[PDB]
file upload29.cif (mmCIF, C-alpha atoms)
data_query
loop_
_atom_site.label_atom_id
_atom_site.label_comp_id
_atom_site.auth_asym_id
_atom_site.auth_seq_id
_atom_site.Cartn_x
_atom_site.Cartn_y
_atom_site.Cartn_z
CA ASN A 1 -19.04 22.59 -16.65
CA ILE A 2 -19.19 22.30 -12.79
CA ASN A 3 -16.26 20.18 -11.55
CA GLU A 4 -14.00 21.29 -14.39
CA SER A 5 -14.63 25.04 -14.21
CA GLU A 6 -14.15 24.84 -10.39
CA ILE A 7 -10.68 23.35 -10.58
CA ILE A 8 -9.53 25.30 -13.61
CA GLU A 9 -10.74 28.41 -11.84
CA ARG A 10 -8.55 27.23 -9.00
CA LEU A 11 -5.59 26.84 -11.37
CA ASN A 12 -6.07 30.28 -12.90
CA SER A 13 -6.03 31.82 -9.40
CA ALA A 14 -2.51 30.52 -9.03
CA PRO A 15 -0.34 33.68 -9.37
CA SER A 16 2.93 31.89 -10.21
CA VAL A 17 4.44 28.81 -11.71
CA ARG A 18 5.44 27.41 -8.32
CA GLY A 19 1.96 28.48 -7.19
CA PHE A 20 0.43 26.70 -10.11
CA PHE A 21 2.25 23.39 -9.63
CA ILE A 22 1.48 23.38 -5.92
CA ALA A 23 -2.20 23.74 -6.76
CA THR A 24 -2.15 20.97 -9.29
CA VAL A 25 -0.56 18.28 -7.14
CA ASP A 26 -3.02 19.38 -4.48
CA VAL A 27 -5.74 18.86 -7.05
CA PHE A 28 -4.44 15.36 -7.91
CA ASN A 29 -3.97 14.60 -4.29
CA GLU A 30 -7.68 15.13 -3.66
CA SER A 31 -8.51 13.31 -6.83
CA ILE A 32 -6.74 10.09 -6.09
CA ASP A 33 -7.73 10.33 -2.47
CA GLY A 34 -11.30 10.07 -3.79
CA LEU A 35 -10.25 6.96 -5.55
CA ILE A 36 -8.26 5.38 -2.68
CA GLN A 37 -11.44 5.85 -0.74
CA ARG A 38 -13.60 4.20 -3.42
CA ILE A 39 -11.49 1.03 -3.23
CA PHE A 40 -11.12 0.63 0.54
CA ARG A 41 -14.59 -0.21 1.71
CA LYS A 42 -15.79 3.28 2.50
CA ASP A 43 -17.65 1.93 5.49
CA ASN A 44 -16.90 -0.80 8.05
CA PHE A 45 -15.85 1.00 11.20
CA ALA A 46 -14.06 -2.25 12.08
CA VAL A 47 -12.25 -2.12 8.69
CA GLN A 48 -11.53 1.61 8.83
CA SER A 49 -9.78 0.76 12.11
CA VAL A 50 -7.06 -0.83 9.89
CA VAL A 51 -7.45 1.28 6.83
CA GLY A 52 -7.47 4.78 8.33
CA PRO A 53 -4.00 4.43 9.89
CA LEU A 54 -2.80 2.69 6.81
CA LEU A 55 -3.66 5.79 4.85
CA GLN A 56 -3.00 8.62 7.28
CA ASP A 57 0.03 10.90 6.62
CA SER A 58 2.34 8.89 8.92
CA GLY A 59 0.99 5.68 7.44
CA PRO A 60 2.79 3.53 4.87
CA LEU A 61 0.22 4.67 2.32
CA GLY A 62 0.03 8.26 3.54
CA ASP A 63 2.07 9.73 0.70
CA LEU A 64 0.64 10.66 -2.71
CA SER A 65 3.53 9.15 -4.68
CA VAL A 66 3.28 5.69 -3.01
CA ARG A 67 -0.53 5.99 -3.35
CA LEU A 68 0.02 6.28 -7.11
CA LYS A 69 2.43 3.33 -7.30
CA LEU A 70 -0.15 1.20 -5.49
CA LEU A 71 -3.09 2.10 -7.66
CA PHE A 72 -0.93 1.62 -10.72
CA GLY A 73 0.52 -1.67 -9.47
CA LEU A 74 -2.99 -2.74 -8.56
CA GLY A 75 -4.06 -2.36 -12.17
CA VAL A 76 -6.32 0.55 -11.39
CA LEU A 77 -4.56 3.47 -13.17
CA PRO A 78 -3.54 3.32 -16.84
CA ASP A 79 0.21 3.62 -17.63
CA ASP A 80 -0.20 6.96 -19.30
CA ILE A 81 -1.93 8.48 -16.35
CA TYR A 82 0.44 6.98 -13.81
CA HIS A 83 3.40 8.53 -15.60
CA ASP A 84 1.84 11.92 -16.16
CA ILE A 85 0.89 12.43 -12.57
CA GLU A 86 4.30 11.17 -11.39
CA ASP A 87 5.98 13.42 -13.82
CA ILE A 88 4.14 16.47 -12.56
CA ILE A 89 4.73 15.63 -8.95
CA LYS A 90 8.46 15.38 -9.69
CA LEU A 91 8.41 18.66 -11.49
CA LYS A 92 6.75 20.41 -8.53
CA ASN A 93 9.45 19.08 -6.26
CA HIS A 94 12.28 20.30 -8.50
CA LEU A 95 10.78 23.81 -8.52
CA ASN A 96 10.15 23.64 -4.87
CA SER A 97 13.84 22.84 -4.40
CA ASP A 98 14.83 25.62 -6.79
CA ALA A 99 15.70 29.08 -5.66
CA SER A 100 15.22 30.54 -9.13
CA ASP A 101 11.74 31.22 -10.51
CA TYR A 102 10.71 30.12 -13.99
CA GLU A 103 7.95 30.86 -16.50
CA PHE A 104 5.72 28.52 -18.50
CA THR A 105 7.56 29.73 -21.58
CA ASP A 106 10.91 28.51 -20.18
CA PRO A 107 12.71 25.45 -21.58
CA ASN A 108 12.87 23.55 -18.32
CA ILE A 109 9.14 23.92 -17.82
CA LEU A 110 7.68 23.87 -21.32
CA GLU A 111 9.72 20.88 -22.35
CA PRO A 112 8.61 18.78 -19.40
CA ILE A 113 5.07 19.61 -20.27
CA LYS A 114 5.44 18.55 -23.86
CA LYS A 115 6.65 15.05 -22.91
CA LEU A 116 3.46 14.45 -20.98
CA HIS A 117 1.30 11.81 -22.60
CA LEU A 118 -1.89 13.87 -22.33
CA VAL A 119 -0.61 16.93 -24.03
CA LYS A 120 0.47 14.56 -26.77
CA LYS A 121 -3.15 13.33 -26.78
CA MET A 122 -4.80 16.76 -26.76
CA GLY A 123 -2.14 18.33 -28.91
CA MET A 124 -0.93 21.71 -28.05
CA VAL A 125 -1.28 25.32 -29.01
CA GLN A 126 1.44 27.92 -28.58
CA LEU A 127 1.68 31.51 -29.71
CA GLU A 128 4.67 32.15 -32.08
CA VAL A 129 7.57 33.75 -30.15
CA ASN A 130 9.38 37.09 -30.45
CA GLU A 131 11.89 37.21 -33.32
CA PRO A 132 14.14 40.18 -34.19
CA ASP A 133 12.77 42.29 -37.09
CA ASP A 134 9.54 40.24 -37.17
CA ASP A 135 6.15 42.15 -37.01
CA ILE A 136 5.88 42.37 -33.21
CA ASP A 137 6.38 45.87 -31.73
CA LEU A 138 8.53 46.26 -28.66
CA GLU A 139 6.00 48.18 -26.65
CA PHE A 140 3.93 44.96 -26.77
CA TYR A 141 6.94 42.64 -26.55
CA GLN A 142 6.12 42.05 -22.87
CA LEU A 143 2.37 41.81 -22.75
CA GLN A 144 2.73 39.38 -25.63
CA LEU A 145 5.20 37.22 -23.61
CA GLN A 146 2.70 37.14 -20.68
CA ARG A 147 0.16 36.07 -23.25
CA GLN A 148 2.27 33.07 -24.39
CA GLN A 149 2.49 32.00 -20.81
CA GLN A 150 -1.26 32.18 -20.15
CA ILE A 151 -1.83 30.06 -23.30
CA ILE A 152 0.58 27.32 -22.30
CA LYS A 153 -0.71 27.34 -18.71
CA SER A 154 -4.25 27.00 -19.91
CA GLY A 155 -3.44 23.99 -22.08
CA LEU A 156 -1.84 22.42 -19.06
CA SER A 157 -4.87 23.20 -17.03
CA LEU A 158 -7.08 21.38 -19.48
CA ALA A 159 -4.71 18.34 -19.27
CA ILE A 160 -4.99 18.26 -15.51
CA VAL A 161 -8.80 18.59 -15.76
CA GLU A 162 -8.89 15.66 -18.15
CA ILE A 163 -6.75 13.65 -15.87
CA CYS A 164 -9.10 14.12 -12.92
CA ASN A 165 -12.01 13.13 -15.08
CA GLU A 166 -10.35 9.81 -15.84
CA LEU A 167 -9.57 9.30 -12.17
CA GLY A 168 -13.27 9.92 -11.53
CA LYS A 169 -14.55 7.10 -13.77
CA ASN B 1 2.16 -27.74 -0.80
CA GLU B 2 -0.28 -29.05 1.89
CA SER B 3 2.34 -31.52 3.22
CA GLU B 4 5.90 -30.19 2.87
CA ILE B 5 4.55 -27.68 5.30
CA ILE B 6 3.13 -30.15 7.83
CA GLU B 7 6.75 -31.35 7.85
CA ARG B 8 7.92 -27.87 8.54
CA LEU B 9 5.66 -27.42 11.54
CA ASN B 10 6.63 -30.81 12.69
CA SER B 11 10.39 -30.50 12.60
CA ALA B 12 10.13 -27.40 14.72
CA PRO B 13 11.60 -28.50 18.07
CA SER B 14 10.04 -25.81 20.30
CA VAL B 15 7.37 -23.24 20.89
CA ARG B 16 9.68 -20.42 19.61
CA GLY B 17 10.81 -22.65 16.73
CA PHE B 18 7.22 -23.44 15.90
CA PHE B 19 6.02 -19.86 15.66
CA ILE B 20 9.01 -18.77 13.59
CA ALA B 21 8.27 -21.50 11.04
CA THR B 22 4.61 -20.64 11.08
CA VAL B 23 4.97 -16.98 10.14
CA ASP B 24 7.61 -17.90 7.64
CA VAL B 25 4.85 -20.05 6.18
CA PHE B 26 2.32 -17.26 6.41
CA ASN B 27 4.91 -14.99 4.86
CA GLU B 28 5.37 -17.06 1.74
CA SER B 29 1.78 -18.08 1.26
CA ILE B 30 0.69 -14.45 1.45
CA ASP B 31 3.58 -13.39 -0.74
CA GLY B 32 2.24 -15.44 -3.61
CA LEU B 33 -1.15 -13.92 -2.99
CA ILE B 34 0.01 -10.38 -3.00
CA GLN B 35 2.04 -11.23 -6.09
CA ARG B 36 -0.92 -12.42 -8.11
CA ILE B 37 -3.13 -9.54 -7.01
CA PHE B 38 -0.59 -7.11 -8.50
CA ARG B 39 0.29 -6.66 -12.13
CA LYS B 40 3.15 -9.01 -12.86
CA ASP B 41 4.36 -8.28 -16.30
CA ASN B 42 5.78 -5.36 -18.19
CA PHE B 43 9.18 -4.08 -17.14
CA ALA B 44 7.76 -0.60 -16.59
CA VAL B 45 5.22 -2.25 -14.20
CA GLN B 46 7.84 -4.55 -12.71
CA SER B 47 9.92 -1.41 -12.44
CA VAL B 48 7.30 0.18 -10.15
CA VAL B 49 5.92 -3.05 -8.59
CA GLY B 50 9.38 -4.58 -8.01
CA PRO B 51 10.55 -1.99 -5.45
CA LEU B 52 7.12 -1.38 -3.97
CA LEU B 53 7.01 -5.05 -2.89
CA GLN B 54 10.66 -5.60 -2.00
CA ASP B 55 11.71 -5.35 1.66
CA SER B 56 12.78 -1.70 2.02
CA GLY B 57 9.66 -0.87 0.08
CA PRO B 58 6.32 0.41 1.48
CA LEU B 59 4.81 -3.09 0.97
CA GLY B 60 7.93 -4.86 2.23
CA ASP B 61 6.34 -6.03 5.43
CA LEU B 62 4.11 -8.97 5.94
CA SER B 63 1.84 -7.21 8.45
CA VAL B 64 1.62 -4.11 6.30
CA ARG B 65 0.82 -6.43 3.48
CA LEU B 66 -1.89 -8.17 5.46
CA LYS B 67 -3.34 -4.85 6.47
CA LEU B 68 -3.75 -3.85 2.83
CA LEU B 69 -5.07 -7.26 1.69
CA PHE B 70 -7.76 -6.97 4.32
CA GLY B 71 -8.71 -3.43 3.30
CA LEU B 72 -8.93 -4.53 -0.33
CA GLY B 73 -11.58 -7.14 0.62
CA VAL B 74 -9.36 -10.04 -0.30
CA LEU B 75 -9.01 -11.69 3.21
CA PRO B 76 -12.00 -12.65 5.45
CA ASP B 77 -12.09 -10.96 8.92
CA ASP B 78 -11.50 -14.32 10.62
CA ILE B 79 -8.31 -15.05 8.74
CA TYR B 80 -6.88 -11.54 8.85
CA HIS B 81 -7.14 -11.44 12.59
CA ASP B 82 -5.86 -14.92 13.18
CA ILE B 83 -2.70 -14.31 11.10
CA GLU B 84 -2.27 -10.92 12.62
CA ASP B 85 -2.92 -12.47 16.06
CA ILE B 86 -0.46 -15.27 15.58
CA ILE B 87 2.09 -12.64 14.53
CA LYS B 88 1.66 -10.52 17.69
CA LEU B 89 2.43 -13.76 19.41
CA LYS B 90 5.54 -14.85 17.56
CA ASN B 91 6.94 -11.42 18.20
CA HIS B 92 6.01 -11.53 21.90
CA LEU B 93 7.96 -14.77 22.06
CA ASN B 94 10.88 -13.30 20.20
CA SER B 95 11.24 -10.60 22.78
CA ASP B 96 10.96 -12.76 25.77
CA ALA B 97 13.91 -14.29 27.47
CA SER B 98 11.70 -17.13 28.94
CA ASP B 99 11.04 -20.42 27.12
CA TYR B 100 7.40 -21.50 27.19
CA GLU B 101 5.51 -24.63 26.49
CA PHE B 102 2.33 -25.22 24.53
CA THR B 103 0.46 -26.15 27.68
CA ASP B 104 1.48 -22.91 29.51
CA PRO B 105 -1.41 -20.42 29.94
CA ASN B 106 0.23 -17.38 28.32
CA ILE B 107 0.58 -19.71 25.35
CA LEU B 108 -2.54 -21.88 25.21
CA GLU B 109 -5.19 -19.23 26.05
CA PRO B 110 -4.28 -17.03 23.11
CA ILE B 111 -4.11 -20.02 20.82
CA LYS B 112 -7.61 -21.13 21.99
CA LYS B 113 -8.61 -17.52 21.10
CA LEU B 114 -8.04 -17.87 17.35
CA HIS B 115 -11.08 -18.24 15.13
CA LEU B 116 -10.04 -21.61 13.59
CA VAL B 117 -8.97 -23.42 16.77
CA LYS B 118 -12.44 -22.64 18.01
CA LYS B 119 -13.94 -23.59 14.54
CA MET B 120 -12.08 -26.79 13.40
CA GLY B 121 -12.35 -28.05 17.02
CA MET B 122 -9.33 -28.35 19.33
CA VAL B 123 -11.09 -27.46 22.59
CA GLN B 124 -10.15 -28.57 26.10
CA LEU B 125 -8.08 -27.54 29.16
CA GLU B 126 -6.18 -29.43 31.96
CA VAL B 127 -5.66 -29.04 35.75
CA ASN B 128 -2.28 -27.74 36.98
CA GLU B 129 -0.22 -29.72 39.52
CA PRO B 130 1.18 -32.55 40.19
CA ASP B 131 -0.68 -33.54 43.38
CA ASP B 132 2.48 -33.88 45.53
CA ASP B 133 5.81 -35.42 44.65
CA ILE B 134 6.22 -39.18 44.17
CA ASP B 135 3.98 -38.26 41.16
CA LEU B 136 5.98 -35.95 38.77
CA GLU B 137 6.73 -38.87 36.32
CA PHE B 138 3.15 -39.75 35.38
CA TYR B 139 2.11 -36.09 35.23
CA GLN B 140 5.00 -35.11 32.98
CA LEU B 141 3.81 -37.72 30.49
CA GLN B 142 0.21 -36.38 30.37
CA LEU B 143 1.49 -32.85 29.77
CA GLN B 144 3.80 -34.15 27.07
CA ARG B 145 0.72 -35.78 25.49
CA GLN B 146 -1.26 -32.53 25.67
CA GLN B 147 1.42 -30.29 24.26
CA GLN B 148 1.69 -32.59 21.27
CA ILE B 149 -2.06 -32.39 20.53
CA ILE B 150 -2.37 -28.69 21.11
CA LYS B 151 0.65 -28.47 18.71
CA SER B 152 -1.16 -30.60 16.17
CA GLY B 153 -4.37 -28.64 16.55
CA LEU B 154 -2.82 -25.31 15.71
CA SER B 155 -1.06 -27.05 12.84
CA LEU B 156 -4.45 -27.93 11.34
CA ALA B 157 -5.51 -24.29 11.70
CA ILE B 158 -2.40 -23.09 10.03
CA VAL B 159 -2.44 -25.36 7.06
CA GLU B 160 -6.13 -24.59 6.56
CA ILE B 161 -5.40 -20.88 6.59
CA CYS B 162 -2.77 -21.37 3.95
CA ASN B 163 -5.06 -23.40 1.68
CA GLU B 164 -7.45 -20.44 1.70
CA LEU B 165 -4.68 -17.90 0.93
CA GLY B 166 -4.04 -19.67 -2.40
CA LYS B 167 -7.62 -20.53 -3.34
#

call {"tool": "encode", "arguments": {"input": "upload29.cif", "output": "structure tokens"}}
result
Amino acid sequence: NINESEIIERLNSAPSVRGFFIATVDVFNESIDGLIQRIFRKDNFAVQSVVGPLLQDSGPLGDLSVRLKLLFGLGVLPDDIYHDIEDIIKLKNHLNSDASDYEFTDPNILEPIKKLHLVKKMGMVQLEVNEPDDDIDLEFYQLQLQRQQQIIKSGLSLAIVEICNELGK
Amino acid sequence: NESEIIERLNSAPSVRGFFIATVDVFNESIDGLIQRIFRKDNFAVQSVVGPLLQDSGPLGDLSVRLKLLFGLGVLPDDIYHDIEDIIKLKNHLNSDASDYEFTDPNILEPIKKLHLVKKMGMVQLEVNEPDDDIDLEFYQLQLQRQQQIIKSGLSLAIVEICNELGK
């Protein structure tokens, strides 16, 4: 349970969508930084004297996105993982450029998340929406809509958790 | 391979000329290394790898791309430093309005400092003069002889380095 419950606890904690996505790229960031470090000899102080700078923020390999391209290019990440992470990073940036807030139930969020290889792998679960003159009562109309969101977000969180597990092997 | 590059180092008319050809050589040898160490197939991969490697890309640079090859464990310490070291030097030269000569100290000392020139075996020195004048003829001709062997020595180092880069 450990590692997983930690990070998914962390994702729950995220109050908002923008909050959420920030936390997940952060999560990935740490997760591939554990990898980058497993491939550049953890140790020689001589060798870290090249590598450290290479990988610092200001360095040519400072940035998460480039760090992905490398690992992918280098035959270390699988296609499907390379794309998913990239796709999520790119989504976070969009939202972070966007003045309007969105919800996990919204087309321009939900649809991105469907395209993602890993939700295609794990399949997905969604609560049926509000329809006029269907059984749903309007006093609950709202709490139910929150509840759709928490379902979607949780599926996503499981995807993310899976992804970090692969990155860990 | 081994030879059409001894011709390159040869046809170089000058210290500056020499070092420019020699990092060109380093540049293309290491290119083909870097290239084989990366995935080199699928469009999607060549779609990511293409631009990563190209010049404006993060791995555009030679020296960046040596740095990474070293950190991956691919290049031995000795050869990383030597290439790096010879690069510092070509650049030095390329920023310096003064022409030097292989027997000049700012030039020969750092070349004697490389791991291969110590290791393959081009080791010596030579007193600075000439004694007076009525002597500059003779002395010119010894220098001329030394330059050409120090030139040759480094050339051995360089072509060796390259034959490792491919191996």

call {"tool": "residues_around", "arguments": {"input": "upload29.cif", "residues": "residue 95 of chain A", "least_positions_apart": "4", "cutoff": "9 Å", "atoms": "only C-alpha atoms", "output": "mmCIF file with C-alpha atoms, keeping the file's coordinate frame"}}
result
data_model
loop_
_atom_site.group_PDB
_atom_site.id
_atom_site.type_symbol
_atom_site.label_atom_id
_atom_site.label_comp_id
_atom_site.auth_asym_id
_atom_site.auth_seq_id
_atom_site.Cartn_x
_atom_site.Cartn_y
_atom_site.Cartn_z
ATOM 1 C CA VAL A 17 4.440 28.810 -11.710
ATOM 2 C CA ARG A 18 5.440 27.410 -8.320
ATOM 3 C CA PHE A 21 2.250 23.390 -9.630
ATOM 4 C CA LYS A 90 8.460 15.380 -9.690
ATOM 5 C CA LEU A 91 8.410 18.660 -11.490
ATOM 6 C CA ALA A 99 15.700 29.080 -5.660
ATOM 7 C CA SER A 100 15.220 30.540 -9.130
ATOM 8 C CA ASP A 101 11.740 31.220 -10.510
ATOM 9 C CA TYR A 102 10.710 30.120 -13.990
#

call {"tool": "closest_atom_pairs", "arguments": {"input": "upload29.cif", "of": "segment 26-60 of chain B", "to": "segment 79-96 of chain B", "cutoff": "12 Å", "atoms": "all atoms listed in the file", "output": "tab-separated table"}}
result
residue	atom	partner	partner_atom	distance
B:26	CA	B:83	CA	7.5
B:27	CA	B:83	CA	9.9
B:29	CA	B:83	CA	11.5
B:30	CA	B:83	CA	10.2

call {"tool": "interface_residues", "arguments": {"input": "upload29.cif", "of": "chain A", "to": "chain B", "cutoff": "7 Å", "atoms": "all atoms listed in the file", "output": "ChimeraX atom specification"}}
result
/A:39-41,47,50-51,60,69,73-75

call {"tool": "write_last_selection", "arguments": {"input": "upload29.cif", "atoms": "C-alpha atoms", "output": "compact mmCIF listing (two decimals), in the frame of the given file"}}
result
# COMPACT_ATOMS: atom_id res chain seq x y z
CA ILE A 39 -11.49 1.03 -3.23
CA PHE A 40 -11.12 0.63 0.54
CA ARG A 41 -14.59 -0.21 1.71
CA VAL A 47 -12.25 -2.12 8.69
CA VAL A 50 -7.06 -0.83 9.89
CA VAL A 51 -7.45 1.28 6.83
CA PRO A 60 2.79 3.53 4.87
CA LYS A 69 2.43 3.33 -7.30
CA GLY A 73 0.52 -1.67 -9.47
CA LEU A 74 -2.99 -2.74 -8.56
CA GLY A 75 -4.06 -2.36 -12.17

call {"tool": "atom_distance", "arguments": {"input": "upload29.cif", "atom1": "atom CA of residue 23 of chain A", "atom2": "atom CA of residue 88 of chain A"}}
result
11.3 Å

call {"tool": "atom_distance", "arguments": {"input": "upload29.cif", "atom1": "atom CA of residue 145 of chain A", "atom2": "atom CA of residue 110 of chain A"}}
result
13.8 Å

call {"tool": "atom_distance", "arguments": {"input": "upload29.cif", "atom1": "atom CA of residue 164 of chain A", "atom2": "atom CA of residue 3 of chain A"}}
result
9.5 Å

call {"tool": "closest_atom_pairs", "arguments": {"input": "upload29.cif", "of": "segment 9-105 of chain B", "to": "segment 117-132 of chain B", "cutoff": "10 Å", "atoms": "only C-alpha atoms", "output": "JSON lines"}}
result
{"residue": "B:82", "atom": "CA", "partner": "B:117", "partner_atom": "CA", "distance": 9.7}
{"residue": "B:103", "atom": "CA", "partner": "B:126", "partner_atom": "CA", "distance": 8.6}
{"residue": "B:104", "atom": "CA", "partner": "B:128", "partner_atom": "CA", "distance": 9.7}
{"residue": "B:105", "atom": "CA", "partner": "B:125", "partner_atom": "CA", "distance": 9.8}

call {"tool": "resolve_selection", "arguments": {"input": "upload29.cif", "expression": "the PyMOL selection byres ((chain B and resi 102) around 12)", "output": "ChimeraX atom specification"}}
result
/B:13-19,99-101,103-112,125,143-154

call {"tool": "closest_residue", "arguments": {"input": "upload29.cif", "among": "B:54, B:116, B:65, B:4", "to": "residue 160 of chain B", "atoms": "only C-alpha atoms"}}
result
B:116

call {"tool": "closest_residue", "arguments": {"input": "upload29.cif", "among": "A:92, A:117, A:169, A:67", "to": "residue 20 of chain A", "atoms": "all atoms listed in the file"}}
result
A:92

call {"tool": "resolve_selection", "arguments": {"input": "upload29.cif", "expression": "the PyMOL selection byres ((chain A and resi 24) around 9)", "output": "PDB file with C-alpha atoms, in the frame of the given file"}}
result
ATOM      1  CA  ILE A   7     -10.680  23.350 -10.580  1.00  0.00           C
ATOM      2  CA  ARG A  10      -8.550  27.230  -9.000  1.00  0.00           C
ATOM      3  CA  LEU A  11      -5.590  26.840 -11.370  1.00  0.00           C
ATOM      4  CA  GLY A  19       1.960  28.480  -7.190  1.00  0.00           C
ATOM      5  CA  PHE A  20       0.430  26.700 -10.110  1.00  0.00           C
ATOM      6  CA  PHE A  21       2.250  23.390  -9.630  1.00  0.00           C
ATOM      7  CA  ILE A  22       1.480  23.380  -5.920  1.00  0.00           C
ATOM      8  CA  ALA A  23      -2.200  23.740  -6.760  1.00  0.00           C
ATOM      9  CA  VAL A  25      -0.560  18.280  -7.140  1.00  0.00           C
ATOM     10  CA  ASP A  26      -3.020  19.380  -4.480  1.00  0.00           C
ATOM     11  CA  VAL A  27      -5.740  18.860  -7.050  1.00  0.00           C
ATOM     12  CA  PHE A  28      -4.440  15.360  -7.910  1.00  0.00           C
ATOM     13  CA  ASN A  29      -3.970  14.600  -4.290  1.00  0.00           C
ATOM     14  CA  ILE A  88       4.140  16.470 -12.560  1.00  0.00           C
ATOM     15  CA  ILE A  89       4.730  15.630  -8.950  1.00  0.00           C
ATOM     16  CA  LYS A  92       6.750  20.410  -8.530  1.00  0.00           C
ATOM     17  CA  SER A 157      -4.870  23.200 -17.030  1.00  0.00           C
ATOM     18  CA  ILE A 160      -4.990  18.260 -15.510  1.00  0.00           C
TER      19      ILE A 160
END

call {"tool": "resolve_selection", "arguments": {"input": "upload29.cif", "expression": "the PyMOL selection byres ((chain A and resi 125) around 8)", "output": "list in words"}}
result
residues 123, 124, 126, 127, 151, 152 and 155 of chain A

call {"tool": "residues_around", "arguments": {"input": "upload29.cif", "residues": "residue 55 of chain A", "least_positions_apart": "6", "cutoff": "9 Å", "atoms": "all atoms listed in the file", "output": "JSON, numbers by chain"}}
result
{"A": [36, 61, 62, 63, 67]}

call {"tool": "closest_residue", "arguments": {"input": "upload29.cif", "among": "A:15, A:34, A:59, A:70", "to": "residue 168 of chain A", "atoms": "all atoms listed in the file"}}
result
A:34

call {"tool": "build_atoms", "arguments": {"input": "upload29.cif", "residues": "segment 127-138 of chain B", "atoms": "N, CA, C and O atoms", "output": "PDB file, in the frame of the given file"}}
result
ATOM      1  N   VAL B 127      -6.061 -29.544  34.414  1.00  0.00           N
ATOM      2  CA  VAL B 127      -5.660 -29.040  35.750  1.00  0.00           C
ATOM      3  C   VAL B 127      -4.133 -28.973  35.918  1.00  0.00           C
ATOM      4  O   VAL B 127      -3.387 -29.769  35.328  1.00  0.00           O
ATOM      5  N   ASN B 128      -3.691 -27.977  36.684  1.00  0.00           N
ATOM      6  CA  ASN B 128      -2.280 -27.740  36.980  1.00  0.00           C
ATOM      7  C   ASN B 128      -1.868 -28.376  38.304  1.00  0.00           C
ATOM      8  O   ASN B 128      -2.539 -28.181  39.320  1.00  0.00           O
ATOM      9  N   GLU B 129      -0.759 -29.117  38.295  1.00  0.00           N
ATOM     10  CA  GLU B 129      -0.220 -29.720  39.520  1.00  0.00           C
ATOM     11  C   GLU B 129       1.293 -30.042  39.389  1.00  0.00           C
ATOM     12  O   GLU B 129       2.037 -29.143  38.983  1.00  0.00           O
ATOM     13  N   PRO B 130       1.773 -31.276  39.718  1.00  0.00           N
ATOM     14  CA  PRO B 130       1.180 -32.550  40.190  1.00  0.00           C
ATOM     15  C   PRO B 130       0.783 -32.536  41.672  1.00  0.00           C
ATOM     16  O   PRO B 130       1.289 -31.721  42.450  1.00  0.00           O
ATOM     17  N   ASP B 131      -0.124 -33.444  42.031  1.00  0.00           N
ATOM     18  CA  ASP B 131      -0.680 -33.540  43.380  1.00  0.00           C
ATOM     19  C   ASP B 131       0.353 -33.208  44.472  1.00  0.00           C
ATOM     20  O   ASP B 131       0.233 -32.187  45.157  1.00  0.00           O
ATOM     21  N   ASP B 132       1.356 -34.075  44.610  1.00  0.00           N
ATOM     22  CA  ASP B 132       2.480 -33.880  45.530  1.00  0.00           C
ATOM     23  C   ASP B 132       3.800 -34.043  44.754  1.00  0.00           C
ATOM     24  O   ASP B 132       3.958 -33.526  43.636  1.00  0.00           O
ATOM     25  N   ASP B 133       4.753 -34.735  45.378  1.00  0.00           N
ATOM     26  CA  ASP B 133       5.810 -35.420  44.650  1.00  0.00           C
ATOM     27  C   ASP B 133       5.635 -36.901  44.984  1.00  0.00           C
ATOM     28  O   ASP B 133       4.724 -37.248  45.739  1.00  0.00           O
ATOM     29  N   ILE B 134       6.508 -37.750  44.441  1.00  0.00           N
ATOM     30  CA  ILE B 134       6.220 -39.180  44.170  1.00  0.00           C
ATOM     31  C   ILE B 134       5.038 -39.317  43.166  1.00  0.00           C
ATOM     32  O   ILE B 134       4.158 -40.181  43.305  1.00  0.00           O
ATOM     33  N   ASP B 135       5.065 -38.440  42.144  1.00  0.00           N
ATOM     34  CA  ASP B 135       3.980 -38.260  41.160  1.00  0.00           C
ATOM     35  C   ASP B 135       4.410 -37.515  39.866  1.00  0.00           C
ATOM     36  O   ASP B 135       3.702 -37.580  38.854  1.00  0.00           O
ATOM     37  N   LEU B 136       5.556 -36.822  39.898  1.00  0.00           N
ATOM     38  CA  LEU B 136       5.980 -35.950  38.770  1.00  0.00           C
ATOM     39  C   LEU B 136       6.235 -36.696  37.424  1.00  0.00           C
ATOM     40  O   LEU B 136       6.092 -36.107  36.344  1.00  0.00           O
ATOM     41  N   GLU B 137       6.586 -37.984  37.502  1.00  0.00           N
ATOM     42  CA  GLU B 137       6.730 -38.870  36.320  1.00  0.00           C
ATOM     43  C   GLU B 137       5.489 -38.972  35.415  1.00  0.00           C
ATOM     44  O   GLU B 137       5.445 -38.414  34.314  1.00  0.00           O
ATOM     45  N   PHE B 138       4.499 -39.708  35.909  1.00  0.00           N
ATOM     46  CA  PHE B 138       3.150 -39.750  35.380  1.00  0.00           C
ATOM     47  C   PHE B 138       2.597 -38.430  34.824  1.00  0.00           C
ATOM     48  O   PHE B 138       2.045 -38.403  33.735  1.00  0.00           O
TER      49      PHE B 138
END
